[PDB]
Amino acid sequence: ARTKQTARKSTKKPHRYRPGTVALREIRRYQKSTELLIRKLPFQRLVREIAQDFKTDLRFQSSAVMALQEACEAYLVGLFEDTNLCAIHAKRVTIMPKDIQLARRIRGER
Amino acid sequence: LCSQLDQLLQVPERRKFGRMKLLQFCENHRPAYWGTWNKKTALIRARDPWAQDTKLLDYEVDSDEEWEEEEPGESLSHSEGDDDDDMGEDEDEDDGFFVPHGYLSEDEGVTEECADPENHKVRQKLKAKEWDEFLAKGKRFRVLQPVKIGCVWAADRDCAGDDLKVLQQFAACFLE
Amino acid sequence: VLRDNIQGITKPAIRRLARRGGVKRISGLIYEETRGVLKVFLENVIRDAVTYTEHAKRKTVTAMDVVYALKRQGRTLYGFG
Amino acid sequence: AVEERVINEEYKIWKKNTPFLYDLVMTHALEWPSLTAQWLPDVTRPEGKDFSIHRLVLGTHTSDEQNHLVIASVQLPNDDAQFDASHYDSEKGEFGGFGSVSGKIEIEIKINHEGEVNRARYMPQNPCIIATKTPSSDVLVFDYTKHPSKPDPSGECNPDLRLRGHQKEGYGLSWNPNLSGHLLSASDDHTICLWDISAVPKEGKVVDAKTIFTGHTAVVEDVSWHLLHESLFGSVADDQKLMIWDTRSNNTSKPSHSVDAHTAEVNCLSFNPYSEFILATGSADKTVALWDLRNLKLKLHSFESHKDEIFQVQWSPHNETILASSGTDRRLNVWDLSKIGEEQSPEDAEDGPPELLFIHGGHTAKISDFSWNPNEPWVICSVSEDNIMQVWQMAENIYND
Amino acid sequence: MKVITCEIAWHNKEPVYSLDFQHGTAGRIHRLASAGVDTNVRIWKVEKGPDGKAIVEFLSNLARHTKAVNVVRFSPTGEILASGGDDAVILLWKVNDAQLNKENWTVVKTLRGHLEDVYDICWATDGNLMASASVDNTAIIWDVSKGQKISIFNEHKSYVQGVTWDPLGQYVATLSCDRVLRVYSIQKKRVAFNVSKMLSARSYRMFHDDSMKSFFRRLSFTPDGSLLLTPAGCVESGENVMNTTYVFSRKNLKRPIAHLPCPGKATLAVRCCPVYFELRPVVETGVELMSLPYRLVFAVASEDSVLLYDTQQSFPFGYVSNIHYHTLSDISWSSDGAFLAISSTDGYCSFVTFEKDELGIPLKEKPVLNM
């Protein structure tokens with residue numbers, strides 16, 4: 001029939017949208033994700049420790065904890081995408097702590 | 001059909017640049033490219049894709065210069081990392097991070113001119129609203145259709161009854 | 001006892017953030033920097049929320065204080081008014 | 001050495017010239033090469049996302065390792081996302097931007113299979129049942145919904161159904177789109193096996209040979225049911241013979257129609273997804289022949305563009321007049337029937353006849369098997385011998401002008 | 001009347017908080033101002049096109065504010081613009097006679113006195129007085145002409161999210177987040193009225209507590225000066241509570257004249273259109289909220305919805321809903337009354353367009369106000 005053969009092993013920084021012609025209507029961010037994606041107990045313990053460091057005799061809320069969550073993933077994914085674009089602009093694929101610092105400097109927080 | 005067969009057998013504008021293109025390769029350390037191409041060349045044809053293209057683009061490798069990793073990249077492509085998870089037991093009795101304990105602490109620390117049965121009813125209503133929201137987290141994506149009611153007035157009598165009842169539901173309640 | 005939760009944030013959480021954030025390759029020591037950045041952001045947000053709660057003559061920090069603190073920081077929160 | 005070097009240079013030239021010619025390229029390196037590859041009709045388009053998910057069925061080829069039939073998920077850009085204004089680069093002057101968002105290919109389910117997977121085709125009205133050929137005599141039937149997704153630690157395979165009727169291996173397997181449970185298989189044993197699994201008991205495992213054909217005097221290379229007729233099928237065999245059989249015939253040795261195909265052996269065939277009288281066959285004489293069912297004596301057309309034997313020929317589910325064919329020349333050729341008998345200048349004629357429309361040469365070795373995407377247009381998944389699976393799509397300005 | 005949801009880049013998809021129109025200019029052309037989180041105050045141009053659609057055209061950009069701006073109201077004359085940012089300072093701009101800016105808007109006045117976010121700003125009947133509210137738990141009154149702080153009210157206990165001036169000029173309405181509504185005199189400069197709890201005789205607090213999921217509690221006097229409308233009201237008919245907007249008359253500010261229930265979504269803003277109208281022919285009953293020789297139209301912006309009420313009828317004549325995903329922020333009326341600018345915190349606004357004569361015949365002469 002057909003001859004066979006042996007296989008081988010195989011091993012600009014702020015992008016503000018111009019006042020006109022920007023018709024983006026991304027619906028997803030318009031609603032909460034309900035995707036915690038981070039374990040609740042260590043975040044809760046960390047927030048408790050920060051609150052204790054600030055002062056005492058205070059309590060938080062479960063809805064407040066979820067709001068802290070949502071803000072955390074939002075800010076962190078924004079920073080990660082910023083570092084990604086910085087790395088592509090820097091002709092690299094692996095993110096480095098210097099990229100984190102440069103992205104934070106772009107955001108102005110640093 | 002079968003019978004007949006048997007019988008017979010026997011910035012610029014997007015619209016000016018065209019659709020965007022994707023070019024992803026496994027062997028290339030260069031990242032996947034997602035962009036639109038609009039260069040017009042008469043030598044790069046489907047008949048002879050291997051024809052040389054002078055004055056269009058140099059025939060040199062770019063993945064090596066674009067990405068020479070040689071670093072501990074941790075190998076996060078796939079096959080490891082997503083499934084890994086950790087679980088434990090937390091303590092929430094001292095600094096109560098719970099809705100009932102939160103409302104209890106708010107009432108104890110801060111005292112206002114509110115009746116105790118009123119506070120209990122408010123707490124129960126808040127708990128019911130939280131439970132309703134928790135049940136409603138399953139809606140996920142939901143597009144919105146605009147709802148508009150025209151300028152209906154009591155002078156006109158031929159207007160739609162359904163809109164009249166909907167706005168009647170929003171009537172005015174006077175107080176003596 | 002209650003002073004050793006700095007490493008509480010799990011590496012799987014960091015790599016899931018990386019996956020959702022669109023980055024494909026991660027270095028072997030960026031975890032500490034990511035945890036520090038998250039801790040700094042959390043400290044700033046909690047400090048602003050506590051300032052708002054104190055000036056609200058209240059004790060328990062609610063979601064409204066958190067959202068107001070985020071607005072002070074410069075970021076908006078969706079799904080929480 | 002020299003052949004490897006020239007192949008690498010040709011591949012580099014193709015890599016440089018791909019942006020001008022292609023619109024959607026997804027090159028992936030499989031764990032092991034696949035002798036077959038076919039898409040599934042089901043498509044996933046989750047809400048709130050800008051990408052789509054498709055399913056592929058492939059095999060593996062290992063000399064001394066457990067072969068796994070693989071069902072994989074491929075991520076493709078959304079149709080709406082194809083027109084988005086992201087950024088602008090002053091150097092290239094295009095709305096490019098490398099970024100990081102793109103599709104990716106994941107292996108979902110792996111099922112142990114005794115020996116190499118010669119050919120794997122799903123049965124059209126239920127993707128659950130998948131039929132595979134073996135180097136042994138039997139033909140295996142799996143169901144990924146009735147089998148653990150990850151391969152079991154036990155080395156021996158656990159097929160859902162084992163079918164007997166052949167005496168050694170083969171390379172042609174086909175399903176019947178109009179009747180449930182009908183399967184056609186070919187093997188070197190000079191016989192074609194027709195089986196019906198619709199009457200198989202729930203706990204039954206072994207399936208007997210319903211019908212055996214022995215008209216051919218040589219290796220029955222391929223068989224396939226008609227896409228419209230319910231009892232007519234075709235076969236091509238290395239005796240250079242094309243054979244039209246009707247299951248309603250009372251004789252399994254006397255054919256309904258027997259024709260000589262070419263001066264060289266033939267490999268495969270494929271019928272139109274829309275038409276019902278035109279059939280395409282590939283031979284070893286560097287020709288692909290179209291035959292009309294009205295008259296089988298004279299060839300409808302003899303396309304000639306390859307330099308050696310041509311192995312796999314498939315039609316386009318989206319367009320009636322588009323054919324695709326691959327051989328050992330490492331080129332997948334896309335051919336149009338709307339340019340038949342059209343005058344051309346020699347400058348467009350040195351490369352080949354106007355019958356051809358497109359050539360794909362991004363495969364280092366022989367194209368093992370290719371398949372069209374039944375949902376997206378012009379998307380073709382082709383698997384070659386060096387475990388290279390390319391999900392390619394040519395430019396929108398070459399077929400639409 | 002038709003609703004157009006704007007798919008235009010208002011504030012580069014950052015939340016939009018407050019808008020106002022040019023009351024001074026009576027022409028068809030309208031100059032709109034919008035405030036957002038991106039520390040930019042954007043002035044746009046809006047006018048009906050040939051098909052009557054409400055389209056917005058960029059006019060000017062403002063970027064002096066270091067932090068987010070939350071409230072923006074124009075003066076009755078319209079020549080001076082108020083901007084309240086998150087840096088505890090309020091700016092007063094004026095027109096001056098630039099690649100993306102068609103005209104320039106220079107800083108004229110810079111008034112301080114706060115320490116935290118400023119949430120509401122209202123002008124007087126003549127524009128010489130300034131009323132504002134901030135997170136600092138004080139209602140603040142300024143002299144616009146002199147540009148100096150003149151009055152501080154610190155009797156509030158929680159956030160104050162809305163202040164307004166009496167067009168007659170004898171009252172100032174403020175509402176803290178502590179479920180308390182206060183009315184202040186001008187000459188007395190003290191708490192003239194303080195209503196928080198209503199008895200029906202069990203008594204209950206009538207406004208929402210800190211737990212509501214809306215930023216602002218904007219309330220405004222009717223330009224006539226005889227109607228006080230307060231959103232974010234709670235009515236306890238039985239064991240439950242329902243969202244409503246309270247309406248008060250000048251006779252008694254303690255007991256509300258009526259309430260308009262809006263169950264489900266929570267009311268947050270009220271704005272009364274500055275154009276008057278004649279009496280629509282209706283049966284002589286108690287349906288009308290108030291009985292006056294001339295009627296007028298106002299709107300209530302709830303957590304999600306917008307309800308357009310008139311003076312002579314009970315139920316709202318206009319109803320807009322399901323147009324923005326996330327909570328509303330503010331509403332504003334045009335000088336001619338043909339435009340309704342509705343802004344939510346999601347990132348884009350909407351325009352409700354009224355054709356001529358649809359809302360009634362404006363008065364040939366506008367009745368005077370007994371100052």
# chains A, B, ... in the order shown; residues from 1 in each chain; ligands from 1

$ interface_residues --of "chain B" --to "chain C" --cutoff "8 Å" --atoms "only C-alpha atoms" --output "ChimeraX atom specification"
/B:71-77,81-82,84-86,102,105-106,109-110

$ write_last_selection --atoms "N, CA, C and O atoms" --output "PDB file, in the first residue's frame"
ATOM      1  N   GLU B  71      15.977  32.316  30.150  1.00  0.00           N
ATOM      2  CA  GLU B  71      15.711  32.686  31.531  1.00  0.00           C
ATOM      3  C   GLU B  71      14.796  31.661  32.179  1.00  0.00           C
ATOM      4  O   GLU B  71      14.137  30.875  31.487  1.00  0.00           O
ATOM      5  N   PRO B  72      14.746  31.623  33.516  1.00  0.00           N
ATOM      6  CA  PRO B  72      13.801  30.719  34.188  1.00  0.00           C
ATOM      7  C   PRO B  72      12.361  31.186  34.045  1.00  0.00           C
ATOM      8  O   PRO B  72      11.817  31.836  34.943  1.00  0.00           O
ATOM      9  N   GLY B  73      11.737  30.859  32.914  1.00  0.00           N
ATOM     10  CA  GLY B  73      10.376  31.263  32.627  1.00  0.00           C
ATOM     11  C   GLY B  73       9.296  30.479  33.334  1.00  0.00           C
ATOM     12  O   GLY B  73       8.112  30.768  33.134  1.00  0.00           O
ATOM     13  N   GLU B  74       9.677  29.464  34.117  1.00  0.00           N
ATOM     14  CA  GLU B  74       8.792  28.718  35.010  1.00  0.00           C
ATOM     15  C   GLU B  74       7.869  27.790  34.223  1.00  0.00           C
ATOM     16  O   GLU B  74       7.185  26.944  34.809  1.00  0.00           O
ATOM     17  N   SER B  75       7.892  27.894  32.895  1.00  0.00           N
ATOM     18  CA  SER B  75       7.165  26.985  32.008  1.00  0.00           C
ATOM     19  C   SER B  75       5.678  26.927  32.366  1.00  0.00           C
ATOM     20  O   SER B  75       5.147  25.909  32.814  1.00  0.00           O
ATOM     21  N   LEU B  76       5.019  28.069  32.168  1.00  0.00           N
ATOM     22  CA  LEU B  76       3.600  28.221  32.472  1.00  0.00           C
ATOM     23  C   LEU B  76       2.702  28.100  31.235  1.00  0.00           C
ATOM     24  O   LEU B  76       1.525  28.448  31.274  1.00  0.00           O
ATOM     25  N   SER B  77       3.241  27.563  30.145  1.00  0.00           N
ATOM     26  CA  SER B  77       2.441  27.447  28.926  1.00  0.00           C
ATOM     27  C   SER B  77       1.102  26.778  29.210  1.00  0.00           C
ATOM     28  O   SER B  77       0.066  27.442  29.214  1.00  0.00           O
ATOM     29  N   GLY B  81      -0.189  24.098  36.893  1.00  0.00           N
ATOM     30  CA  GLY B  81      -0.448  25.359  37.558  1.00  0.00           C
ATOM     31  C   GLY B  81      -1.906  25.709  37.779  1.00  0.00           C
ATOM     32  O   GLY B  81      -2.265  26.215  38.847  1.00  0.00           O
ATOM     33  N   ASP B  82      -2.757  25.454  36.783  1.00  0.00           N
ATOM     34  CA  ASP B  82      -4.167  25.811  36.917  1.00  0.00           C
ATOM     35  C   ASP B  82      -4.876  24.921  37.932  1.00  0.00           C
ATOM     36  O   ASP B  82      -5.686  25.405  38.731  1.00  0.00           O
ATOM     37  N   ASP B  84      -3.626  23.224  40.488  1.00  0.00           N
ATOM     38  CA  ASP B  84      -3.113  23.278  41.851  1.00  0.00           C
ATOM     39  C   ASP B  84      -3.929  24.247  42.699  1.00  0.00           C
ATOM     40  O   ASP B  84      -4.266  25.352  42.262  1.00  0.00           O
ATOM     41  N   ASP B  85      -4.244  23.827  43.922  1.00  0.00           N
ATOM     42  CA  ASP B  85      -5.061  24.627  44.822  1.00  0.00           C
ATOM     43  C   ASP B  85      -4.716  24.261  46.260  1.00  0.00           C
ATOM     44  O   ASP B  85      -4.214  23.171  46.541  1.00  0.00           O
ATOM     45  N   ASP B  86      -4.996  25.193  47.170  1.00  0.00           N
ATOM     46  CA  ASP B  86      -4.772  25.001  48.595  1.00  0.00           C
ATOM     47  C   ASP B  86      -6.023  25.402  49.364  1.00  0.00           C
ATOM     48  O   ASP B  86      -6.694  26.375  49.007  1.00  0.00           O
ATOM     49  N   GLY B 102     -21.092  41.414  61.955  1.00  0.00           N
ATOM     50  CA  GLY B 102     -20.825  42.786  61.557  1.00  0.00           C
ATOM     51  C   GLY B 102     -21.911  43.744  62.008  1.00  0.00           C
ATOM     52  O   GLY B 102     -21.626  44.812  62.555  1.00  0.00           O
ATOM     53  N   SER B 105     -21.746  44.110  65.841  1.00  0.00           N
ATOM     54  CA  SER B 105     -20.680  45.021  66.243  1.00  0.00           C
ATOM     55  C   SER B 105     -21.031  46.465  65.913  1.00  0.00           C
ATOM     56  O   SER B 105     -20.734  47.374  66.696  1.00  0.00           O
ATOM     57  N   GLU B 106     -21.656  46.699  64.756  1.00  0.00           N
ATOM     58  CA  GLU B 106     -22.059  48.054  64.393  1.00  0.00           C
ATOM     59  C   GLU B 106     -23.085  48.602  65.377  1.00  0.00           C
ATOM     60  O   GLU B 106     -23.024  49.777  65.760  1.00  0.00           O
ATOM     61  N   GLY B 109     -21.105  49.070  69.000  1.00  0.00           N
ATOM     62  CA  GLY B 109     -20.178  50.190  69.022  1.00  0.00           C
ATOM     63  C   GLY B 109     -20.854  51.528  68.793  1.00  0.00           C
ATOM     64  O   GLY B 109     -20.544  52.513  69.469  1.00  0.00           O
ATOM     65  N   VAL B 110     -21.782  51.584  67.842  1.00  0.00           N
ATOM     66  CA  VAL B 110     -22.471  52.817  67.476  1.00  0.00           C
ATOM     67  C   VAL B 110     -23.937  52.671  67.857  1.00  0.00           C
ATOM     68  O   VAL B 110     -24.624  51.764  67.372  1.00  0.00           O
TER      69      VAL B 110
END

$ residues_around --residues "residue A:39" --least-positions-apart "3" --cutoff "12 Å" --atoms "only C-alpha atoms" --output "ChimeraX atom specification"
/A:35-36,42-46,65-66,69 /B:85-90 /C:8-14,16

$ residues_around --residues "residue D:59" --least-positions-apart "5" --cutoff "9 Å" --atoms "only C-alpha atoms" --output "CSV table (one decimal) with N, CA and C atoms, in the first residue's frame"
chain,number,residue,atom,x,y,z
D,32,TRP,N,2.8,13.6,19.5
D,32,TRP,CA,3.2,12.6,18.5
D,32,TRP,C,2.4,12.9,17.2
D,33,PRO,N,2.9,12.5,16.1
D,33,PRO,CA,2.2,12.8,14.8
D,33,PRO,C,0.9,12.1,14.7
D,34,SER,N,0.0,12.7,14.0
D,34,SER,CA,-1.3,12.1,13.8
D,34,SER,C,-1.5,11.7,12.4
D,35,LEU,N,-2.0,10.4,12.2
D,35,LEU,CA,-2.3,9.9,10.9
D,35,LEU,C,-3.6,10.4,10.4
D,36,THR,N,-4.4,11.1,11.2
D,36,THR,CA,-5.7,11.6,10.8
D,36,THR,C,-6.0,12.8,11.7
D,37,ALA,N,-6.9,13.6,11.1
D,37,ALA,CA,-7.4,14.8,11.8
D,37,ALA,C,-8.7,15.3,11.2
D,67,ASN,N,-0.3,4.3,22.1
D,67,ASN,CA,-1.0,5.3,21.3
D,67,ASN,C,-2.3,5.8,21.9
D,68,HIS,N,-2.6,7.1,21.8
D,68,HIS,CA,-3.8,7.7,22.3
D,68,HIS,C,-4.5,8.4,21.2
D,69,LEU,N,-5.8,8.1,21.1
D,69,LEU,CA,-6.7,8.9,20.3
D,69,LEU,C,-7.0,10.1,21.1
D,70,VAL,N,-6.9,11.3,20.4
D,70,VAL,CA,-6.9,12.6,21.1
D,70,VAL,C,-8.1,13.4,20.6
D,71,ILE,N,-8.9,13.9,21.5
D,71,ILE,CA,-9.9,14.9,21.2
D,71,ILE,C,-9.4,16.2,21.9
D,116,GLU,N,-1.3,1.9,16.2
D,116,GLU,CA,-1.4,3.2,15.6
D,116,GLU,C,-2.9,3.5,15.1
D,117,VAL,N,-3.3,4.7,15.2
D,117,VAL,CA,-4.6,5.1,14.8
D,117,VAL,C,-4.5,5.4,13.3
D,118,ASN,N,-5.0,4.5,12.4
D,118,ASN,CA,-4.9,4.6,11.0
D,118,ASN,C,-5.8,5.7,10.5
D,119,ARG,N,-7.0,5.7,11.0
D,119,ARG,CA,-8.0,6.7,10.5
D,119,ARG,C,-9.1,6.8,11.6
D,120,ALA,N,-9.5,8.1,11.9
D,120,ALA,CA,-10.5,8.3,12.9
D,120,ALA,C,-11.5,9.3,12.3
D,132,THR,N,-12.2,4.1,14.8
D,132,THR,CA,-10.7,4.1,14.5
D,132,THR,C,-10.3,2.8,13.9

$ closest_atom_pairs --of "chain E" --to "chain C" --cutoff "12 Å" --atoms "only C-alpha atoms" --output "JSON lines"
{"residue": "E:13", "atom": "CA", "partner": "C:76", "partner_atom": "CA", "distance": 10.5}
{"residue": "E:14", "atom": "CA", "partner": "C:76", "partner_atom": "CA", "distance": 7.6}
{"residue": "E:15", "atom": "CA", "partner": "C:76", "partner_atom": "CA", "distance": 7.4}
{"residue": "E:16", "atom": "CA", "partner": "C:76", "partner_atom": "CA", "distance": 10.9}
{"residue": "E:17", "atom": "CA", "partner": "C:71", "partner_atom": "CA", "distance": 11.9}
{"residue": "E:36", "atom": "CA", "partner": "C:71", "partner_atom": "CA", "distance": 10.8}
{"residue": "E:37", "atom": "CA", "partner": "C:74", "partner_atom": "CA", "distance": 7.1}
{"residue": "E:38", "atom": "CA", "partner": "C:74", "partner_atom": "CA", "distance": 7.8}
{"residue": "E:39", "atom": "CA", "partner": "C:74", "partner_atom": "CA", "distance": 9.1}
{"residue": "E:66", "atom": "CA", "partner": "C:74", "partner_atom": "CA", "distance": 10.4}
{"residue": "E:67", "atom": "CA", "partner": "C:74", "partner_atom": "CA", "distance": 7.4}
{"residue": "E:68", "atom": "CA", "partner": "C:74", "partner_atom": "CA", "distance": 7.1}
{"residue": "E:69", "atom": "CA", "partner": "C:71", "partner_atom": "CA", "distance": 10.2}
{"residue": "E:70", "atom": "CA", "partner": "C:71", "partner_atom": "CA", "distance": 10.1}
{"residue": "E:85", "atom": "CA", "partner": "C:72", "partner_atom": "CA", "distance": 10.5}
{"residue": "E:86", "atom": "CA", "partner": "C:72", "partner_atom": "CA", "distance": 7.1}
{"residue": "E:87", "atom": "CA", "partner": "C:72", "partner_atom": "CA", "distance": 9.0}
{"residue": "E:88", "atom": "CA", "partner": "C:72", "partner_atom": "CA", "distance": 11.3}
{"residue": "E:115", "atom": "CA", "partner": "C:55", "partner_atom": "CA", "distance": 10.8}
{"residue": "E:116", "atom": "CA", "partner": "C:52", "partner_atom": "CA", "distance": 9.0}
{"residue": "E:117", "atom": "CA", "partner": "C:72", "partner_atom": "CA", "distance": 8.2}
{"residue": "E:118", "atom": "CA", "partner": "C:72", "partner_atom": "CA", "distance": 11.5}
{"residue": "E:119", "atom": "CA", "partner": "C:68", "partner_atom": "CA", "distance": 11.4}
{"residue": "E:134", "atom": "CA", "partner": "C:55", "partner_atom": "CA", "distance": 11.3}
{"residue": "E:135", "atom": "CA", "partner": "C:55", "partner_atom": "CA", "distance": 7.9}
{"residue": "E:136", "atom": "CA", "partner": "C:55", "partner_atom": "CA", "distance": 7.2}
{"residue": "E:137", "atom": "CA", "partner": "C:55", "partner_atom": "CA", "distance": 7.9}
{"residue": "E:138", "atom": "CA", "partner": "C:55", "partner_atom": "CA", "distance": 11.3}
{"residue": "E:156", "atom": "CA", "partner": "C:56", "partner_atom": "CA", "distance": 10.1}
{"residue": "E:157", "atom": "CA", "partner": "C:57", "partner_atom": "CA", "distance": 6.9}
{"residue": "E:158", "atom": "CA", "partner": "C:56", "partner_atom": "CA", "distance": 5.0}
{"residue": "E:159", "atom": "CA", "partner": "C:56", "partner_atom": "CA", "distance": 6.4}
{"residue": "E:160", "atom": "CA", "partner": "C:56", "partner_atom": "CA", "distance": 10.1}
{"residue": "E:176", "atom": "CA", "partner": "C:56", "partner_atom": "CA", "distance": 10.7}
{"residue": "E:177", "atom": "CA", "partner": "C:56", "partner_atom": "CA", "distance": 9.3}
{"residue": "E:178", "atom": "CA", "partner": "C:56", "partner_atom": "CA", "distance": 9.4}
{"residue": "E:209", "atom": "CA", "partner": "C:64", "partner_atom": "CA", "distance": 11.4}
{"residue": "E:210", "atom": "CA", "partner": "C:64", "partner_atom": "CA", "distance": 7.8}
{"residue": "E:211", "atom": "CA", "partner": "C:64", "partner_atom": "CA", "distance": 7.5}
{"residue": "E:212", "atom": "CA", "partner": "C:64", "partner_atom": "CA", "distance": 8.2}
{"residue": "E:213", "atom": "CA", "partner": "C:81", "partner_atom": "CA", "distance": 5.0}
{"residue": "E:214", "atom": "CA", "partner": "C:81", "partner_atom": "CA", "distance": 5.5}
{"residue": "E:215", "atom": "CA", "partner": "C:81", "partner_atom": "CA", "distance": 7.0}
{"residue": "E:216", "atom": "CA", "partner": "C:81", "partner_atom": "CA", "distance": 10.3}
{"residue": "E:265", "atom": "CA", "partner": "C:81", "partner_atom": "CA", "distance": 11.9}
{"residue": "E:266", "atom": "CA", "partner": "C:81", "partner_atom": "CA", "distance": 11.4}
{"residue": "E:268", "atom": "CA", "partner": "C:81", "partner_atom": "CA", "distance": 11.7}
{"residue": "E:303", "atom": "CA", "partner": "C:81", "partner_atom": "CA", "distance": 8.9}
{"residue": "E:304", "atom": "CA", "partner": "C:81", "partner_atom": "CA", "distance": 10.7}
{"residue": "E:325", "atom": "CA", "partner": "C:79", "partner_atom": "CA", "distance": 9.1}
{"residue": "E:326", "atom": "CA", "partner": "C:81", "partner_atom": "CA", "distance": 6.8}
{"residue": "E:327", "atom": "CA", "partner": "C:81", "partner_atom": "CA", "distance": 5.9}
{"residue": "E:328", "atom": "CA", "partner": "C:81", "partner_atom": "CA", "distance": 8.9}
{"residue": "E:329", "atom": "CA", "partner": "C:81", "partner_atom": "CA", "distance": 9.9}
{"residue": "E:344", "atom": "CA", "partner": "C:81", "partner_atom": "CA", "distance": 10.2}
{"residue": "E:345", "atom": "CA", "partner": "C:81", "partner_atom": "CA", "distance": 8.1}
{"residue": "E:346", "atom": "CA", "partner": "C:78", "partner_atom": "CA", "distance": 7.9}
{"residue": "E:347", "atom": "CA", "partner": "C:76", "partner_atom": "CA", "distance": 10.4}

$ residues_around --residues "residue B:148" --least-positions-apart "2" --cutoff "8 Å" --atoms "only C-alpha atoms" --output "list in words"
residues 146 and 150 of chain B; 2, 3, 318, 319, 320 and 321 of chain E

$ write_last_selection --atoms "C-alpha atoms" --output "PDB file, in the first residue's frame"
ATOM      1  CA  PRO B 146     -34.213  49.950  26.512  1.00  0.00           C
ATOM      2  CA  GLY B 150     -44.201  57.956  25.659  1.00  0.00           C
TER       3      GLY B 150
ATOM      4  CA  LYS E   2     -37.133  59.688  22.315  1.00  0.00           C
ATOM      5  CA  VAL E   3     -34.213  58.189  24.231  1.00  0.00           C
ATOM      6  CA  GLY E 318     -42.537  59.873  31.274  1.00  0.00           C
ATOM      7  CA  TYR E 319     -40.707  56.658  32.103  1.00  0.00           C
ATOM      8  CA  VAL E 320     -37.217  55.567  31.023  1.00  0.00           C
ATOM      9  CA  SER E 321     -35.617  52.374  32.304  1.00  0.00           C
TER      10      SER E 321
END

$ residues_around --residues "residue B:9" --least-positions-apart "4" --cutoff "7 Å" --atoms "only C-alpha atoms" --output "count of residues only"
3

$ residues_around --residues "residue B:11" --least-positions-apart "2" --cutoff "10 Å" --atoms "only C-alpha atoms" --output "MDAnalysis selection string"
(chainID B and resid 13:14) or (chainID D and resid 85 87:88 95)

$ write_last_selection --atoms "N, CA and C atoms" --output "mmCIF file, in the first residue's frame"
data_model
loop_
_atom_site.group_PDB
_atom_site.id
_atom_site.type_symbol
_atom_site.label_atom_id
_atom_site.label_comp_id
_atom_site.auth_asym_id
_atom_site.auth_seq_id
_atom_site.Cartn_x
_atom_site.Cartn_y
_atom_site.Cartn_z
ATOM 1 N N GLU B 13 -9.085 54.682 9.131
ATOM 2 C CA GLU B 13 -10.329 53.951 9.327
ATOM 3 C C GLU B 13 -10.098 52.451 9.195
ATOM 4 N N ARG B 14 -10.823 51.679 10.010
ATOM 5 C CA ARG B 14 -10.722 50.224 9.950
ATOM 6 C C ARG B 14 -11.187 49.693 8.598
ATOM 7 N N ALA D 85 -10.108 48.250 16.412
ATOM 8 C CA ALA D 85 -9.032 49.238 16.366
ATOM 9 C C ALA D 85 -8.311 49.220 17.708
ATOM 10 N N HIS D 87 -4.387 49.578 18.213
ATOM 11 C CA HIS D 87 -3.287 50.534 18.282
ATOM 12 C C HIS D 87 -2.808 50.831 16.865
ATOM 13 N N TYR D 88 -1.676 51.525 16.767
ATOM 14 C CA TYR D 88 -1.057 51.841 15.489
ATOM 15 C C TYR D 88 0.447 51.927 15.701
ATOM 16 N N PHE D 95 -2.471 48.815 11.586
ATOM 17 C CA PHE D 95 -3.148 48.548 12.855
ATOM 18 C C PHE D 95 -2.755 47.165 13.380
#

$ residues_around --residues "residue B:42" --least-positions-apart "3" --cutoff "12 Å" --atoms "only C-alpha atoms" --output "PDB file with C-alpha atoms, in the first residue's frame"
ATOM      1  CA  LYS B  39       1.041  45.879   1.912  1.00  0.00           C
ATOM      2  CA  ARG B  45       0.966  35.311  -4.927  1.00  0.00           C
ATOM      3  CA  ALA B  46      -0.975  32.201  -3.969  1.00  0.00           C
ATOM      4  CA  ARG B  47       0.352  30.428  -7.072  1.00  0.00           C
ATOM      5  CA  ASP B  48       3.994  30.976  -6.023  1.00  0.00           C
ATOM      6  CA  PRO B  49       4.068  31.695  -2.270  1.00  0.00           C
ATOM      7  CA  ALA B  51       8.636  33.879  -4.806  1.00  0.00           C
ATOM      8  CA  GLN B  52      11.137  36.478  -3.628  1.00  0.00           C
ATOM      9  CA  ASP B  53       9.725  39.883  -2.650  1.00  0.00           C
ATOM     10  CA  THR B  54      12.297  42.607  -3.275  1.00  0.00           C
ATOM     11  CA  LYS B  55      11.781  46.063  -1.737  1.00  0.00           C
ATOM     12  CA  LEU B  56       8.979  44.647   0.448  1.00  0.00           C
TER      13      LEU B  56
ATOM     14  CA  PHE D  20       0.665  38.712   2.747  1.00  0.00           C
ATOM     15  CA  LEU D  21      -1.081  35.427   1.917  1.00  0.00           C
ATOM     16  CA  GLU D 347       3.314  34.557 -16.620  1.00  0.00           C
ATOM     17  CA  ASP D 348       0.428  33.059 -14.632  1.00  0.00           C
TER      18      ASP D 348
END
